[PDB]
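Asker:
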Amino acid sequence: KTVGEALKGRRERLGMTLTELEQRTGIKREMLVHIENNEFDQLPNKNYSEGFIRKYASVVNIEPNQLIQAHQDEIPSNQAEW
Ligand SMILES: [Zn+2]
């Protein structure tokens, strides 16, 4: 599975709507759907990809670091170079 499928799957098993997840995470539904679909290039700031995944994961009781590690080649890391 992709990271977005892992997250969405968990959300659906919890019976949690996107509306609820936006409330709990503070991440707008558009961006939550982009994450669920691995559409990281559609985030205004792609550097936030990991942080968005982390907040999602924490709300749905997925341990974030090991999720990120298992999917690291999918996830744009924070390009905080300069
Ligand atoms: Zn968009």
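Note that the entry's author numbering has the sequence shown beginning at 1002, numbered continuously upward.
Cβ coordinates follow ideal geometry from the N, Cα and C atoms, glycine included.
#1: Roughly how many whole angstroms lie between the Cα atoms of residue 1052 and residue 1069?
#2: Measuring CA to CA, which of 1039, 1030, 1018 is closest to residue 1007?
#3: Whose C-beta lies closer than 8 angstroms to the C-beta of residue 1072 among residues of the same chain, with five residues either side of it excluded?
#4: Taking the beta carbon of residue 1026 as the centre, do at least 16 other beta carbons fall within 10 Å, making it buried, or is it exposed?
#5: Between residue 992 and residue 1065, what straight-line distance do the alpha-carbon atoms span, to the nearest angstrom?
Answerer: In brief:
#1: Distance between residue 1052 and residue 1069, taken at the CA atoms: about 10 angstroms.
#2: Of 1039, 1030, 1018, the residue nearest in Cα terms is 1039.
#3: Once the five neighbours on either side are set aside, the close Cβ partners of residue 1072 are 1003, 1004, 1007.
#4: Buried is the call here.
#5: Lying outside 1002 to 1083, the shown extent of the chain, residue 992 is not represented and no answer is given.
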